[PDB]
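Here's the letter readout for the chains.
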Amino acid sequence: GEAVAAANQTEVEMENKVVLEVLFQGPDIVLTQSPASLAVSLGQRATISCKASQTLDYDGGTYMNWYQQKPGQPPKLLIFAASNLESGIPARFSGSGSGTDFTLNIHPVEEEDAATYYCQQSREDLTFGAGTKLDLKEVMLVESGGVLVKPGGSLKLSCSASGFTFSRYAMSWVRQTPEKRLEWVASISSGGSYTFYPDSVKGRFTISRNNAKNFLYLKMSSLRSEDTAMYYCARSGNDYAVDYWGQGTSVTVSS
């Protein structure tokens, strides 16, 4: 019943009233994204490739998503379910592919398309390609905050939802390392009954939500320096795409 954040996460759902904390142990789907960097001139084509370690074909859909990210901002959804153009996104972005091979094509490249692009799969939890920084050979100010914490410590992050029925949507936290890698760290089902985590945060991170007050939380304890990252809350929309990202809050764990 309850909405989850990736296709495999449905298979825990229970008729008995149960609350489940889940760690899937199957082999993780690795996304190999290429090239890491490229620079083109205005009007040209940019072709970015993503190869998955196993097929994303799945009768319900092919859950390949593409995001654009500019400095100081959360990623923005461009393409969902391999080839669908997200509403509001310019038609110069198109996604294609099947099985294990996926392609983001940008043509004609425009000055505002200089950004880092990421592929992402929602078939087996959530994993991301390492990103592609696209360079080209309206005044905006965007703020965020951050803290320093010592190892072994704990922190609680929060996020607010409005303008939609929060209780209908799965929610997740994704963090971004200093090396700009995106790593999913937790998801929670729409009704709060099922929570999901990767191995890297097991026993230490807790995602929770309050559907009456429209809050999402992440509690992090036994913090390690490898938890240093910008932490984003985000909604699962159609086809397990991550379609609304809150601004990041930064966490630096240093002794």
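Residues numbered from 1 in each chain as written, not as in the entry; some residues may be left out. Heavy atoms only, no water.

Deposited coordinates in this entry are attributed by the record to X-ray crystallography, at a stated resolution of 1.85 Å.

A.B. asks: For this particular structure, what's the right way to read the overall build of the chain?
C.D. replies: The secondary structure content of the chain amounts to zero helices and 22 strands. Relative to the 2.2 N^0.38 estimate, which gives 18 Å for 255 residues, the radius of gyration of the chain is 18 Å and therefore close to what a compact globule would have. Its C-alpha atoms give the chain principal-axis dimensions of about 55 × 45 × 35 Å. Counting only carbon and sulfur atoms, one obtains 48% of the accessible surface of the chain, whose full area is about 12,300 Å². Between the averaged position of the 22 positive side-chain charges in the chain and that of its 26 negative side-chain charges there is a distance of 6 Å. (Helix = DSSP H or I, 4+ residues; strand = E, 2+ residues; numbered from the N terminus. Rg over C-alpha atoms; globule rule 2.2 N^0.38 Å. Areas by Shrake-Rupley, 256 points an atom, 1.4 Å probe, with all protein chains shown as cover. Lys, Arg positive; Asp, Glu negative; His and termini not counted. Charge placed at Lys NZ, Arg CZ, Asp CG, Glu CD.)

A.B. asks: Would you take a moment to explain the packing of aromatic side chains for this structure?
C.D. replies: Evaluation of the coordinates by the stated rule reveals ten aromatic pairs. Measuring from ring centre to ring centre gives 5.0 Å for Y63 and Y240, while their planes differ by 90 degrees; the resulting arrangement is edge-to-face. A network of ring pairs unites the aromatic residues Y67, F128, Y232 and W245 as a single cluster. Between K156 and the ring centre of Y217, over which it is positioned, the NZ or CZ distance is 4.7 Å. (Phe/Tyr/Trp six-rings, centres within 6.5 Å; stacked < 30°, edge-to-face > 60°. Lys NZ or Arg CZ within 6 Å of the ring centre and 35° of its normal.)

A.B. asks: Would you explain the state of the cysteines in this entry?
C.D. replies: In a disulfide, the sulfur atoms of two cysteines are covalently bonded to one another. Summed over all chains, the structure comprises two disulfides. Bridging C50 to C119, the disulfide has an S-S length of 2.1 Å. Taking the sign of the torsion about the S-S bond as the criterion, the disulfide between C50 and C119, at about 75 degrees, is right-handed. Linking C50 in strand 4 (residues 46–52) with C119 in strand 10 (residues 115–121), this pair joins segments that are 69 residues apart in sequence. For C119, a relative accessible area of 0% gives the class buried. (Disulfide = S-S within 2.5 Å. Buried < 20%, exposed > 50% of the residue type's maximum accessible area, 1.4 Å probe, protein only.)

A.B. asks: Help me understand the pairing of strand 18 (residues 205–210), please; the structure alone is not making it clear to me.
C.D. replies: Regular strands have side chains that alternate between both faces of the sheet. Here strand 18 shows one buried face, formed by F205, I207 and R209, and one open face, formed by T206, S208 and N210. From the end of strand 18 to the start of strand 19 (residues 215–220), which pair antiparallel, there are four residues, and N214 there has a positive phi angle of about 65 degrees. (Pairing = 2+ DSSP bridges.)

A.B. asks: Quick question: what am I supposed to make of the domain arrangement of the chain here?
C.D. replies: Where the parts come together, the accessible area they lose is often given as the size of the interface. Segmentation of the chain into domains returns domain 1 (7–25 + 142–253) and domain 2 (31–136). In this assembly, 23 residues from domain 1 lie in contact with 22 residues from domain 2. Note on domain 1 versus domain 2: buried area summed over both sides is about 2,100 Å², and carbon and sulfur give 57% of it. Interface area lost by domain 1 to domain 2 is led by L182, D239 and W245, which between them contribute 26%. Applying the counting rule to domain 1 against domain 2 returns zero salt bridges. Applying the counting criterion to the domain 1 and domain 2 interface returns twelve residue pairs in polar contact. (Domains from an automatic or database assignment. Contact = heavy atoms within 4.5 Å. Buried area = accessible area lost by both parts, 1.4 Å probe. Salt bridge = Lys/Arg side-chain N within 4 Å of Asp/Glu carboxyl O. Polar contact = N/O pair within 3.5 Å; in protein donor to acceptor, adjacent residues only side chain to side chain.)

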